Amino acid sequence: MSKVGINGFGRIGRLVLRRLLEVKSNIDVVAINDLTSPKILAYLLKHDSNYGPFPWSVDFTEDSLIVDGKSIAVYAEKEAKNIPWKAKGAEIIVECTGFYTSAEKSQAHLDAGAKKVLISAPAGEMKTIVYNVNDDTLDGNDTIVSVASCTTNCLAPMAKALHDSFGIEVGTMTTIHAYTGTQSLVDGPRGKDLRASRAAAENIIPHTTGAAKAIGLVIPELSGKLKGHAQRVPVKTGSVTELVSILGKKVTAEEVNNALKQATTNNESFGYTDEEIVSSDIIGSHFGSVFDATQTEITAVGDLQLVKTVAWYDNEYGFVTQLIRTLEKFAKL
């Protein structure tokens, strides 16, 4: 299988294409489904507010995109069951619309003639993969798999290293997170979520995330031991996750940091920095998560000890690089 369809050519969907081409994958994107014309998807692909001009040629026809000389079909089917995946033989669907985050929903891509589905979001009780953490759990028999959220790919490698070195007995996270398409431009209805209805570029907005609640799926031993949430803020991309943990051993900052450095060495998914970076330095990062040793903090009072560890993430591109790693491997089995 090296024949891929993208459902939802949005922020994540367009970067999936950018990244496959950046690394010369032997995967060919042959079809795209969205809700618009080829002309509009081409304008969007060619001109990116966050990452600049497309590095390759982009043109269109009435029913297709021409990207670096290759034709890619464009469909506009609102319901995934009606998508002609069979037409160009789309074998693996990268599902990035947000409207098919379950086994039962992404089932419709199978019923429309696809073999597998990789969902770019948490998708309930299914095999959920952070690359370089639990991707060894994938087999030939898997059809519909999830890569969880940007936050889950940030949190998990940091949690994994802490759990391996020290044990995490209990923990809570806060991610300070760039605003996304789920939020609003101006104050107005955004389904049931009251907070999501508020102008995203003019507010700090508390926001639910299951990254920590559903970490059980990626790190089985931490199942039900983490909770967390987000504060969405007015940066366009680039985020950071703080974890506060009661660990299984007394530790020093240097000790926590050395252990993290160890876990990041020749680790293409998980980086390290000892530099005084800010969110914009993470934009275009090729990691899922970059641990920041400068923000490590140990608060100790006797027996009791709280350990704050902080990792950066490019929630768009960084998360994507993880999505592509997982995709390449899903596609070889």
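The first residue of the sequence shown is number 1, and the count goes up from there.
The stretch with the higher mean CA B factor, choosing between 227-235 and 252-260, is 252-260. Taking the mean C-alpha B-factor of each stretch as recorded, 76-84 and 183-191 are not equal, and the higher mean is that of 76-84. Comparing the listed residues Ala199, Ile129, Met173, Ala90, the entry records the largest Cα B-factor for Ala90. The residue among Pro206, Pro157, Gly98, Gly113 whose C-alpha carries the highest B-factor in the deposited model is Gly113. Ranked within its chain, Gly69 lands in the highest third, by CA B factor from the PDB record.
Ranked within its chain, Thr296 lands in the lowest third, by CA B factor from the PDB record.
The deposited CA B-factor of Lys24 belongs to the highest third of values across its chain. When the CA B factors of the chain's modelled residues are split into thirds, the value for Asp48 lands in the lowest one. Annotation for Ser289: C-alpha temperature factor in the lowest third relative to the rest of the modelled chain, per the entry.
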